[PDB]
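Peer 1: I would like to see how this sequence folds:
(3 chains)
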Amino acid sequence: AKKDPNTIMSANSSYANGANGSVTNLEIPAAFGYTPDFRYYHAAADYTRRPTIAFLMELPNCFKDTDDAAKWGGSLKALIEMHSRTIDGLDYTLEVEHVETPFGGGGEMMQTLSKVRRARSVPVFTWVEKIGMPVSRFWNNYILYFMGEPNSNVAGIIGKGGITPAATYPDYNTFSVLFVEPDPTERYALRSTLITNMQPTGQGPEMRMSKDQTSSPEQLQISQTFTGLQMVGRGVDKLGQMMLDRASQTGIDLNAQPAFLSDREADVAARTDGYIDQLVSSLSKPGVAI
Amino acid sequence: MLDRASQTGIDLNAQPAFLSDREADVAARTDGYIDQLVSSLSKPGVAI
Amino acid sequence: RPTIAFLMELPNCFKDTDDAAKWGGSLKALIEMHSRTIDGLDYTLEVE
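Peer 2: Residues are numbered from 1 along each chain as shown, chains lettered A, B, ... in the order given. Okay, here it is:
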């Protein structure tokens, strides 16, 4: 197995500055000219997108005022990084604008660049409820005790004493997350996004109730939307690469892991009705004589 | 004025319900959900 | 060659019965000795 030494960019310069992994060379022949060449097909390998990963970077300061901030922090981290079944609404696409003027009466136009912009992310997480409904409790109580209460539009936590006068600033009740898309080997960060100023917006967890006894029960699925301020560039890529350097995969193997059970429980051994029991005690053992 | 009208101890998500128990006439009919279990169905026990 | 099934665990509801040993022994014998046939086991791979 050999390929052209010029297949991969060697310097990661020009438009490849700040890249983490390996980049193909755009100057080696492609298939869509006069005719393709089978000597260079290695560079015809294609891109495949991979799931995004979330890293919690900051915590609300309202958790400190509670009796147990450890529980709130751990639950928030678990929801963000493990329980997330689906994430969506991330985008920083570019947009351009121009102006026109007739270059004569024929029908042609002369175009002049005017402005350039970028898209905006609206994160949306999704979960599946658990026994006892901890996710809905978590989010609803977060809103009620840290954001507002409909009958007074005032946070319930103010019902304690000595809450900081600066409790109305975003750092009191907002957190930050870092989103990274790795490569197939989960070693390099191809794209990254830093979103801050997050807290629920719109509908909360659904609180519908109904009665129908002939019908079949169903699963509850939590969908929540969030606010955000987005930053993208090269420093974000460096931060994402540093985070991905952690969580190393050296020395692990998912096909060599021990079975989660080591033996049959003590109750099974107590029973004398099975495969091994018949050989051990039920069957005669006279020996083998030829 | 605003220092008064304190909000300490006030929790509207933990306030007791304005009704604490079912009405006395309602409990006298004995033809509801609880009543069938209390009086209608036999209770021979569970054996298995 | 034929597959062999070994019981590893019993349900905990067996302890809430009058005779848990009988339930456990019956389940064990059914899984191991009375199994006339077993089918449906598969862990094949697939590449897309």
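Peer 1: which residue is nearest the centroid of chain A?
Peer 2: Nearest residue to the geometric centre of chain A (Cα atoms, centre = their mean): residue A:53, 3.3 Å.
Peer 1: how far away is that one from chain C?
Peer 2: According to Cβ to the nearest Cβ, to the nearest Å, residue A:53 and chain C sit 22 Å apart. From N, CA and C alone the C-beta is placed, and that goes for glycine too.
Peer 1: what of residue A:131?
Peer 2: Counting by Cβ to the nearest Cβ, the gap from residue A:131 to chain C is 16 Å.
Peer 1: do residue A:192 as well
Peer 2: For residue A:192, the distance to chain C equals 27 Å [Cβ to the nearest Cβ].
Peer 1: would you agree that residue is in contact with residue A:178?
Peer 2: Yes: using Cβ atoms under 8 Å, residue A:192 is in contact with residue A:178, at 6.9 Å.
Peer 1: joint contacts of these two?
Peer 2: Common neighbours of residue A:192 and residue A:178 (criterion: Cβ atoms under 8 Å, 6 or more residues apart in numbering or on different chains): A:236, A:239, A:240.
Peer 1: most neighbours among the residues you listed, which one?
Peer 2: In terms of neighbours by other Cβ atoms under 10 Å in any protein chain shown, these top out with residue A:240 at 25 neighbours.
Peer 1: for it, what are its contacts?
Peer 2: By Cβ under 8 Å, 6+ apart, the contact list for residue A:240 reads A:178, A:180, A:189, A:192.
Peer 1: please name the bridge partners of the residue nearest to the centre of chain A.
Peer 2: Note on residue A:53: beta-bridge partners residue A:180, judged by DSSP bridges.
Peer 1: residue contacts, it?
Peer 2: By Cβ under 8 Å, 6+ apart, the neighbours of residue A:53 are A:81, A:179, A:180, A:181, A:182.
Peer 1: also residue A:86?
Peer 2: Residue A:86 neighbours (Cβ under 8 Å, 6+ apart): A:125, A:126.
Peer 1: cutoff 10 Å now
Peer 2: Residue A:86 is in contact with A:51, A:124, A:125, A:126, A:127, A:128, A:221, A:223, counting by Cβ atoms under 10 Å, 6 or more residues apart in numbering or on different chains.
Peer 1: try residue A:190
Peer 2: Residue A:190 makes contact with A:19-21, A:47, A:49-50, A:180-183, A:237, A:240-241 under the criterion Cβ under 10 Å, 6+ apart.
Peer 1: C-alpha coordinates for stretch A:52-59, CSV please?
Peer 2: The C-alpha coordinates for stretch A:52-59 follow below in CSV (Å, rounded to 0.1, in the frame of the first residue of the first chain):
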residue,chain,number,x,y,z
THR,A,52,-20.9,16.9,18.6
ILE,A,53,-19.5,16.8,22.1
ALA,A,54,-20.4,19.2,24.9
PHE,A,55,-18.1,20.4,27.7
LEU,A,56,-19.5,22.3,30.6
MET,A,57,-17.1,25.2,31.4
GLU,A,58,-18.9,27.3,34.0
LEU,A,59,-21.7,27.0,36.5
